[PDB]
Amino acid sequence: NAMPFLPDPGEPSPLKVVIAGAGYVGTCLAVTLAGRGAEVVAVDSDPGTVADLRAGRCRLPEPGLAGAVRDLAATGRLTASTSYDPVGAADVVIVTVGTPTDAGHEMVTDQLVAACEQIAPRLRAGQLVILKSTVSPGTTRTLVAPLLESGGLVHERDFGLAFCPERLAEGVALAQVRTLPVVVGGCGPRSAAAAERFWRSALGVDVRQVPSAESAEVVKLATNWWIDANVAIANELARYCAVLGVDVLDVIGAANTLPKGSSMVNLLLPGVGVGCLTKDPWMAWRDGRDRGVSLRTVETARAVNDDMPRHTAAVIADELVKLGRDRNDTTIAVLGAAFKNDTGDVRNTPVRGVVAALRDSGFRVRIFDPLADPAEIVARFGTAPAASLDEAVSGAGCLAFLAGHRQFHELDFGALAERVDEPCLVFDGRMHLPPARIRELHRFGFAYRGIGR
């Protein structure tokens, strides 16, 4: 009774964890928890996803993830199911299911409601439930808690309930998840103490307590709001630097040497647009609007970042005209299609906006992303990607790096110089190449341009 909702971490028998949702977040969580000794079962409605995990397969490009899935599924500590039945035997249940938003920027509770309606009858006294899915504030306590209580139990008294925002760093997720402190917002002191004991023992990280689940839900929304609004500042700064003939990355690097606030001045890097950062700031805006608060910094940031794909296409076409090129003699090789660097997800990518604007004007575009699924590129771009990097760049008049994947940095530009059509423009969207690499491109005959570079 003194230590509710979690066994002593020193117990010989392993901790039993059920993770609802076997997406990017769920898989990273499952692998890192199983790796530290817990017995984990990932629950997902997709039979294909469950079949892959059970056979130690993972198609996610996240570094070290496919290897860890294959190793842990073989040790038996990582398993998967389409059924929510393993919830009954679990000590901890983590909910990472999808929470999208409609055109009005209001939560689509469907997936979360369905997951909660499956967990509720299987929920047992003494269990700990943690919500990781990004949600509108008040959701854990006013929507999720009554759904979980439909099975007769009471949150905080019979089972622990806490909101812990997901803050995974793509491309380095497995490394960051083992060091990054977890924010815990308990639905009461018992739920707060148990959620903190769980992350410290099962994950081995520090914990940052906030006084309610609503406070922790706002931490997630405030983080995405801060990131989106700071990317908007950086994007506008890059367009200002471009008209002055100054390099935005030197400006940002020098500006960020000033201590300020809780750490340093932190101008974020500009890009080709934003693709968490397009829904969560609007989610806070709609919540604010319904409560009589206008979030003007969110409205402006979204308008600024939504204009960047069209501006990127305009800059590419303008630079090609300056090189004496046109839509009749140039094929553009778009290298990298994913919304974020070192990911393969193209579901909500600003690259779609760049390609559409380049095609809408009349340019021939080839797409290549070594991390993305070719069927997903067909679905989102409407065309099959190039068979390989060599096929994409051969005879291309422009190499537009619109996602800065690590394998693009390891490319031999001397070898690329022999495949492309001279004069070739290297447009740097998300590579953010250092001056030493830009000199190498010029040496091989490439023209180089970035927004504000």
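A residue's number is simply how far along the shown sequence it sits, counting from 1.
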Continuity check for residue 344 and residue 345, given as deposited residues lacking coordinates between them: none
Which of 194 to 202 and 330 to 338 has higher mean CA B factor, as the PDB entry lists it: 330 to 338
So which stretch wins on mean C-alpha B-factor, 241 to 249 or 81 to 89? 81 to 89
For the C-alpha B-factor as written in the entry, point me to the maximum among 182, 255, 283, 315. 283
From the list 423, 35, 385, 26, select the residue with the highest C-alpha B factor recorded in the entry. 423
Would you check the entry's CA temperature factor for residue 20 and let me know if it's in the chain's lowest, middle or highest third? middle
Chain-wide C-alpha B factor ranking for residue 75, given as lowest, middle or highest third: highest
Place residue 304 in the lowest, middle or highest third of its chain's C-alpha B-factors, as listed in the PDB entry. lowest
Ranked C-alpha temperature factor of residue 114 among modelled chain residues, by third: highest
Once the chain's modelled residues are ordered by C-alpha B factor and cut into thirds, is residue 58 in the lowest, middle or highest one? highest
